[PDB]
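Visitor: just need the structure, nothing else, for what follows:
(2 chains)
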Amino acid sequence: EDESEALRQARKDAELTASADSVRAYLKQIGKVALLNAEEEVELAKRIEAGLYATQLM
DNA sequence: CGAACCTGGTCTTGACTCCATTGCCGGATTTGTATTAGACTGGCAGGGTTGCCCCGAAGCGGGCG
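Guide: Numbers count the residues shown, from 1 in each chain, chains lettered A, B, ... in the order given. Sure, the structure comes next:
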């Protein structure tokens, strides 16, 4: 079905596999963080420039 | 009988030639680095074949605390 932790346990146990091919390992690694939009990019760029000026001032 | 001679070299002096050998210098080519603002967001991809043997690891029946 879609619940009762059978499919959930299957997805969890299939997440903790070997994946001996290094390309598949790196792709499963990078398919983790959430993608962003233009507002998130604006926010992160402003935070980056603020942090850079703050550490240069320090 | 002596005497010129003539010619092996042995060697030097002086002028001449000629080509390496750096040295700038001006320009040519060669090589390296930086920068491009619309938006773009998790692979293609190729095969699976023997026989025999040894041995080491995974997993399952079976009793035990």
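Visitor: contact residues of chain A facing DNA strand B?
Guide: Within chain A, the residues that sit near DNA strand B (CB under 7 Å from any atom of the strand) are A:21, A:23-24, A:27-28, A:30-31, A:35-36. (Each C-beta comes from the backbone N, C-alpha and C, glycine too.)
Visitor: need the contact partners of the longest helix seen in chain A.
Guide: Scanning chain A for the helix with the most residues, using DSSP state H, yields helix A:38-57. With contact meaning CB atoms under 8 Å, 6 or more residues apart in numbering, helix A:38-57 is reached by residue A:36.
Visitor: what do you get for stretch A:10-29?
Guide: Taking contacts as CB under 8 Å, 6+ apart, no residue outside stretch A:10-29 touches it.
Visitor: tell me, how many residues neighbour residue A:54?
Guide: Residue A:54 sits with 9 neighbouring residues when counted by other CB atoms under 10 Å.
Visitor: distance of it relative to residue A:46?
Guide: Distance, residue A:54 to residue A:46, by CB to CB, to the nearest Å: 12 Å.
Visitor: in chain A, what residue lies closest to DNA strand B?
Guide: Relative to DNA strand B, the nearest point of chain A is residue A:31 (2.1 Å; CB to the nearest atom of the strand).
Visitor: can you pull the contacts of that residue?
Guide: Not one residue lies near residue A:31 by CB under 8 Å, 6+ apart.
Visitor: next, it: phi, psi?
Guide: For residue A:31, the backbone dihedrals are phi -80, psi 50 (criterion: degrees, to the nearest 10).
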